[PDB]
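Student: Okay, handing you the structure first.
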Amino acid sequence: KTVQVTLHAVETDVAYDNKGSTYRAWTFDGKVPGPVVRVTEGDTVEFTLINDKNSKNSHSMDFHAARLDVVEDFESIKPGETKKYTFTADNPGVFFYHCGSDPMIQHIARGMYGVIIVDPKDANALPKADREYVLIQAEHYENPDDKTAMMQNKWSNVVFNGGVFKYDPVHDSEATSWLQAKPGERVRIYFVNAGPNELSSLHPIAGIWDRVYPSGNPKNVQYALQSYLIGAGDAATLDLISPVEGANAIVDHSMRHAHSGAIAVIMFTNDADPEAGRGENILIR
Amino acid sequence: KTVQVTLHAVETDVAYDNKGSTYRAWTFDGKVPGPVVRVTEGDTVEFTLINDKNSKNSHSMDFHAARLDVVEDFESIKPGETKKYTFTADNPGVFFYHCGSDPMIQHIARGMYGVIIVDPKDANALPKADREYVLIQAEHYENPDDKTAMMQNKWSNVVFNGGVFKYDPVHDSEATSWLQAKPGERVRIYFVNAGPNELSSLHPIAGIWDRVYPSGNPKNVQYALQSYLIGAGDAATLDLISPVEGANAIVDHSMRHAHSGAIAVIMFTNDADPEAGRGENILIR
Amino acid sequence: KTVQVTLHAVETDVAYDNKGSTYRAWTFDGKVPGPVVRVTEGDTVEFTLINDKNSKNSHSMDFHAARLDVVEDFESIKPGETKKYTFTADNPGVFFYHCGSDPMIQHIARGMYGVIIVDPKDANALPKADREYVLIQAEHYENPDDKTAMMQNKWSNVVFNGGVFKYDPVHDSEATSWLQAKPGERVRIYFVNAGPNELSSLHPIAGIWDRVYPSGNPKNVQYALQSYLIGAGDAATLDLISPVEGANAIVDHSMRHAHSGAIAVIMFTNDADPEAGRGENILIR
Ligand SMILES: [Cl-]
Ligand SMILES: [Cl-]
Ligand SMILES: [Cu+2]
Ligand SMILES: [Cu+2]
Ligand SMILES: [Cu+2]
Ligand SMILES: [Cu+2]
Ligand SMILES: [Cu+2]
Ligand SMILES: [Cu+2]
């Protein structure tokens with residue numbers, strides 16, 4: 001099918017921790033991460049980027065799901081301008097999207113990133129998931145204007161979905177969100193490492209990845225992995241099943257990353273919310 | 001079968017180089033790395049942790065081979081307490097174990113880490129190894145109390161099995177240990193990257209990895225790899241066969257890691273000790 | 001077949017950026033990277049290294065394609081000396097080669113690295129490439145004598161084939177080289193990450209890796225990867241096909257790397273130079 005996707009480049013204050021601290025983010029649609037885009041393998045995507053008139057900077061859009069021309073298609077547009085391009089989603093899986101404007105390190109760091117999920121045309125290529133969650137890792141830099149700190153890799157926190165310990169009520173009692181499932185359910189994690197700089201060594205504490213798919217592609221399946229390396233600008237699909245009620249903690253096992261905010265709790269309970277990890281709830285905001 | 005495994009949390013001084021430099025380590029059973037645990041896929045493990053009465057810190061145990069509840073099973077216990085849990089080893093391969101107590105970066109860095117090997121139920125899934133050796137990479141930090149330096153990734157050395165150049169009598173005149181095999185033999189390396197922070201890019205100088213199994217699982221086999229990336233908190237099984245007498249040097253090929261201590265020599269001789277890499281000589285102490 | 005490969009260890013000034021900045025490089029055959037070595041799986045390589053009489057340092061040769069003895073074969077030779085050894089290329093793919101002399105971090109950093117390509121004996125094991133390009137990533141250090149800065153990972157730039165933005169006319173007006181292909185053609189990238197220290201997260205902006213081969217080996221094929229991690233001292237083969245005229249930009253997606261020089265443009269045009277990416281043009285000088 002043909003789908004229309006329109007996003008705004010929006011520069012606005014957003015919260016990055018559980019105590020309400022904010023920073024001047026650069027975003028798609030006013031939130032970090034950007035909106036989940038979801039299509040089927042083979043779909044035509046008619047994409048529109050609107051750079052809001054009140055932006056102070058030029059912005060662009062790079063989809064890792066797209067095969068295009070970097071110079072024309074991923075070009076920067078000024079505040080008040082609108083850009084269109086069309087691409088087919090040729091390969092199934094999970095893909096990073098982000099602003100490609102100058103300097104990319106900063107546009108990514110300030111929050112212009114998201115995921116596009118490309119469902120396999122063959123609905124039987126992946127085992128059926130009972131829950132789906134998006135987790136996007138990024139570094140948070142204390143001063144969004146300081147490009148030198150970014151070049152020097154001097155981050156303040158490493159986070160999932162834009163918030164320090166957003167999903168960790170164990171380590172931060174002010175956290176108000178977490179992942180849910182029932183024991184025995186297949187939980188599918190769509191993971192993107194936005195960077196801009198760091199790698200992630202992703203591990204479910206007290207669990208194991210039942211299966212891992214590099215770039216989300218069924219052909220690349222790996223089994224029973226305790227951990228999986230996701231480089232900067234890479235993405236993978238990782239399945240998790242708990243045999244028991246309780247919790248696992250999804251961590252970036254480079255411990256200084258984990259301690260700085262990269263931990264997400266999943267609670268396994270028999271009375272898990274039927275809406276959790278389904279529908280429009282896959283990226284928990 | 002059901003296997004009983006009991007470990008003590010023991011805070012004690014241990015050596016970290018070949019000239020007898022010591023640090024105040026936190027350990028399982030008074031040694032770094034902890035005791036090798038070895039079971040068969042499908043086995044029931046009845047585990048007991050005893051936190052010694054003279055410890056000054058709470059400790060815990062996290063097995064990457066276990067599928068449990070992080071909150072109750074991996075909970076920290078006080079000096080003088082004893083904790084029990086049972087798990088089945090559902091997946092074959094090679095798995096990191098470590099203390100999970102706060103802050104994990106420090107409990108790992110201070111020496112609370114080891115390996116559990118889960119032999120495949122199908123003893124013919126893996127090609128028969130003639131020798132087996134455990135190598136666990138970790139960073140050593142000069143001051144075990146300086147958590148800031150750990151968070152800044154400012155390690156003093158990167159080491160195998162707790163010692164600077166432990167197995168490198170070429171670069172260290174004071175080194176007395178090395179790995180042994182005969183030409184033509186299949187040498188199986190059980191490798192864990194304990195971290196806490198760093199990645200390892202593992203290469204046998206003058207050799208090639210015949211096979212590499214991510215998380216040690218036979219289903220994930222890779223062939224003829226010059227190098228293999230093991231992220232912090234990950235493990236893999238790597239096979240090596242020399243066609244000639246002489247040496248290879250197993251290194252973390254991120255050269256600043258290798259030069260800081262992460263080199264292990266394997267000697268291939270026709271008269272290799274029939275006891276080396278067999279029984280409980282697999283982790284050379 | 002048996003092939004003779006002779007290289008010289010040459011210490012000489014070479015350019016490392018598009019404005020003609022030079023440094024005192026240590027090299028094979030007076031250029032950085034060294035000459036491309038290409039043989040077929042099963043071939044016998046009769047190798048000779050001659051250390052030039054005017055060299056000030058001892059040098060050696062380490063082929064990741066060789067299974068030998070680190071002690072005797074990879075030994076260092078003084079200025080005016082010659083080392084000879086023979087090896088069979090037992091495994092197909094793509095392999096790092098470099099000086100292995102004390103300290104390896106500096107010998108690599110100063111330019112003593114290259115690639116050996118080992119074509120599969122089975123001509124059909126890889127899909128047929130229409131273009132081939134060699135890309136070797138390395139860190140450039142400001143002062144080639146400052147070993148402490150290397151040990152501390154304080155690099156100035158991360159580069160492909162010895163040059164800051166060597167193939168990026170888009171981000172550097174003084175860049176005079178880039179990769180060329182036609183739309184629809186299979187472009188094969190032989191990628192080596194020489195390090196000495198850093199990881200690469202390789203991504204074609206506006207494209208996708210059709211296939212990736214860890215160590216170049218047909219047995220390890222992965223499909224449709226957006227990005228691929230190449231550790232220090234590792235190598236891989238990566239195929240790229242653009243369906244359209246335009247450009248892709250091959251980048252190390254750890255952005256502080258890319259912005260420091262690690263970006264190579266490939267131009268897809270209907271009248272690409274028939275000589276580009278063929279014969280001995282594959283490593284563009
Ligand atoms: Cl032991
Ligand atoms: Cl045991
Ligand atoms: Cu932007
Ligand atoms: Cu990208
Ligand atoms: Cu502990
Ligand atoms: Cu762990
Ligand atoms: Cu040299
Ligand atoms: Cu090497």
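Every chain in the structure tokens has a letter given in the order shown (A, B, ...), and although residue numbers restart at 1 in each chain, ligands are simply numbered from 1 in the order shown.
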Counting only C-alpha atoms and all ligand atoms, which protein, DNA or RNA residues come within 7 Å of ligand 3, given as a list in words?

Tutor: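 Those within range of ligand 3 are residues 26, 58, 59, 60, 99, 100, 101, 107 and 112 of chain A.
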
Student: Could you superimpose chain C onto chain A using all C-alpha atoms, paired one by one in order, and tell me the resulting RMSD in Å?

Tutor: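 Between these identical-sequence chains, the C-alpha RMSD is 0.1 Å.
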
Student: Please report as a Markdown table every residue of chain C lying within 9 Å of chain A, along with the nearest atom pair and their distance in Å (one decimal), using only C-alpha atoms.

Tutor:
| residue | atom | partner | partner_atom | distance |
| --- | --- | --- | --- | --- |
| C:170 | CA | A:71 | CA | 8.8 |
| C:199 | CA | A:231 | CA | 9.0 |
| C:200 | CA | A:231 | CA | 8.2 |
| C:201 | CA | A:231 | CA | 5.6 |
| C:202 | CA | A:233 | CA | 8.7 |
| C:203 | CA | A:233 | CA | 7.8 |
| C:204 | CA | A:64 | CA | 8.9 |
| C:205 | CA | A:70 | CA | 6.5 |
| C:206 | CA | A:68 | CA | 5.1 |
| C:207 | CA | A:67 | CA | 4.6 |
| C:208 | CA | A:67 | CA | 6.9 |
| C:221 | CA | A:220 | CA | 8.6 |
| C:222 | CA | A:220 | CA | 5.9 |
| C:223 | CA | A:220 | CA | 6.6 |
| C:224 | CA | A:91 | CA | 6.8 |
| C:225 | CA | A:215 | CA | 5.5 |
| C:226 | CA | A:215 | CA | 6.3 |
| C:227 | CA | A:234 | CA | 5.4 |
| C:228 | CA | A:231 | CA | 7.5 |
| C:229 | CA | A:231 | CA | 6.1 |
| C:242 | CA | A:67 | CA | 6.8 |
| C:243 | CA | A:67 | CA | 7.2 |
| C:244 | CA | A:68 | CA | 6.7 |
| C:245 | CA | A:69 | CA | 7.1 |
| C:246 | CA | A:69 | CA | 4.8 |
| C:247 | CA | A:69 | CA | 5.1 |
| C:248 | CA | A:70 | CA | 5.6 |
| C:249 | CA | A:70 | CA | 7.3 |
| C:252 | CA | A:232 | CA | 8.7 |
| C:253 | CA | A:233 | CA | 5.6 |
| C:254 | CA | A:197 | CA | 4.3 |
| C:255 | CA | A:105 | CA | 5.4 |
| C:256 | CA | A:151 | CA | 4.9 |
| C:257 | CA | A:197 | CA | 8.1 |
| C:259 | CA | A:103 | CA | 7.9 |
| C:260 | CA | A:151 | CA | 8.5 |
| C:268 | CA | A:69 | CA | 8.9 |

Student: List the spatial neighbours of residue 47 in chain C as a list in words - criterion: any atom at most 12 Å away, only C-alpha atoms, same-chain residues fewer than 2 positions off excluded.

Tutor: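 Selected residues are residues 2, 3, 4, 5, 6, 7, 8, 37, 44, 45, 49, 50, 60, 61, 62, 63, 66, 73, 74, 82, 83, 84, 85, 86, 87, 88 and 89 of chain C.
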
Student: Would you name the residues within 10 Å of ligand 1, counting only C-alpha atoms and all ligand atoms, and put them as a PyMOL selection string?

Tutor: chain B and resi 29+31-38+114-115+134+280-285

Student: Would you mind writing down, as a list in words, each residue of range 67-134 of chain B that DSSP on the backbone assigns to alpha helix (DSSP H)?

Tutor: residues 104, 105, 106, 107, 108 and 109 of chain B

Student: From range 11-214 of chain A, collect each residue whose DSSP state is strand (DSSP E) and return the set as a PyMOL selection string.

Tutor: chain A and resi 11-15+22-28+37-40+44-51+62-63+82-88+93-98+113-119+131-140+157-160+179-181+187-195+200-205+209-214

Student: Give me, please, the distance in Å between CA of residue 55 in chain B and CA of residue 143 in chain B, quoted to one decimal.

Tutor: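 Interatomic distance, CA of residue 55 in chain B to CA of residue 143 in chain B: 18.6 Å.
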
Student: Any idea what the distance is between CA of residue 171 in chain C and CA of residue 250 in chain C?

Tutor: 12.9 Å

Student: Take CA of residue 241 in chain B and CA of residue 269 in chain B and report the distance between them in Å, one decimal.

Tutor: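 If I compute the distance from CA of residue 241 in chain B to CA of residue 269 in chain B, I get 12.4 Å.
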
Student: Residue 275 in chain C: which residues within 12 Å, counting only C-alpha atoms, same-chain residues fewer than 2 positions away excluded, as an mmCIF file with N, CA and C atoms, in the first residue's frame?

Tutor:
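result09.cif, freshly written:
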data_model
loop_
_atom_site.group_PDB
_atom_site.id
_atom_site.type_symbol
_atom_site.label_atom_id
_atom_site.label_comp_id
_atom_site.auth_asym_id
_atom_site.auth_seq_id
_atom_site.Cartn_x
_atom_site.Cartn_y
_atom_site.Cartn_z
ATOM 1 N N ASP C 130 30.338 -5.798 -9.406
ATOM 2 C CA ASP C 130 30.610 -4.945 -10.561
ATOM 3 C C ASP C 130 31.688 -3.912 -10.247
ATOM 4 N N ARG C 131 31.850 -3.609 -8.958
ATOM 5 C CA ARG C 131 32.899 -2.703 -8.481
ATOM 6 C C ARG C 131 33.455 -3.265 -7.187
ATOM 7 N N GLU C 132 34.734 -2.994 -6.927
ATOM 8 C CA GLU C 132 35.363 -3.270 -5.627
ATOM 9 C C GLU C 132 36.157 -2.065 -5.137
ATOM 10 N N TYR C 133 35.996 -1.739 -3.855
ATOM 11 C CA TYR C 133 36.729 -0.652 -3.241
ATOM 12 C C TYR C 133 37.271 -1.064 -1.883
ATOM 13 N N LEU C 179 34.197 7.465 -4.597
ATOM 14 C CA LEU C 179 33.916 6.150 -5.171
ATOM 15 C C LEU C 179 32.847 6.320 -6.234
ATOM 16 N N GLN C 180 32.886 5.467 -7.257
ATOM 17 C CA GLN C 180 31.984 5.597 -8.401
ATOM 18 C C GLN C 180 31.329 4.279 -8.719
ATOM 19 N N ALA C 181 30.054 4.339 -9.070
ATOM 20 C CA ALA C 181 29.331 3.186 -9.590
ATOM 21 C C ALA C 181 28.123 3.625 -10.410
ATOM 22 N N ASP C 271 27.190 7.255 -16.234
ATOM 23 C CA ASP C 271 28.467 7.200 -16.936
ATOM 24 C C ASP C 271 29.684 7.204 -16.000
ATOM 25 N N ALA C 272 29.588 6.421 -14.923
ATOM 26 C CA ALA C 272 30.727 6.198 -14.032
ATOM 27 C C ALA C 272 31.918 5.686 -14.850
ATOM 28 N N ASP C 273 33.124 6.097 -14.462
ATOM 29 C CA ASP C 273 34.376 5.693 -15.121
ATOM 30 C C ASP C 273 34.519 4.163 -15.146
ATOM 31 N N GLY C 277 37.025 1.273 -9.442
ATOM 32 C CA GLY C 277 36.687 0.068 -8.682
ATOM 33 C C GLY C 277 36.982 -1.243 -9.393
ATOM 34 N N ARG C 278 37.926 -1.198 -10.333
ATOM 35 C CA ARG C 278 38.349 -2.379 -11.082
ATOM 36 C C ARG C 278 39.862 -2.379 -11.240
ATOM 37 N N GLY C 279 40.443 -3.549 -11.490
ATOM 38 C CA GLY C 279 41.903 -3.680 -11.647
ATOM 39 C C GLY C 279 42.682 -3.305 -10.393
ATOM 40 N N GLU C 280 43.695 -2.446 -10.534
ATOM 41 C CA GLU C 280 44.428 -1.970 -9.352
ATOM 42 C C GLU C 280 44.034 -0.543 -8.923
ATOM 43 N N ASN C 281 42.835 -0.138 -9.331
ATOM 44 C CA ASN C 281 42.211 1.107 -8.889
ATOM 45 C C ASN C 281 41.428 0.940 -7.580
ATOM 46 N N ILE C 282 41.297 -0.296 -7.088
ATOM 47 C CA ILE C 282 40.363 -0.575 -5.976
ATOM 48 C C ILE C 282 40.636 0.185 -4.661
ATOM 49 N N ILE C 284 41.728 3.655 -3.838
ATOM 50 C CA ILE C 284 41.896 4.941 -4.535
ATOM 51 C C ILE C 284 42.920 5.803 -3.820
#

Student: Just checking: using only C-alpha atoms and all ligand atoms, which residue out of B:12, B:154, B:116, B:111 ends up closest to ligand 2?

Tutor: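 Ranked by minimum distance to ligand 2, first place goes to B:116.
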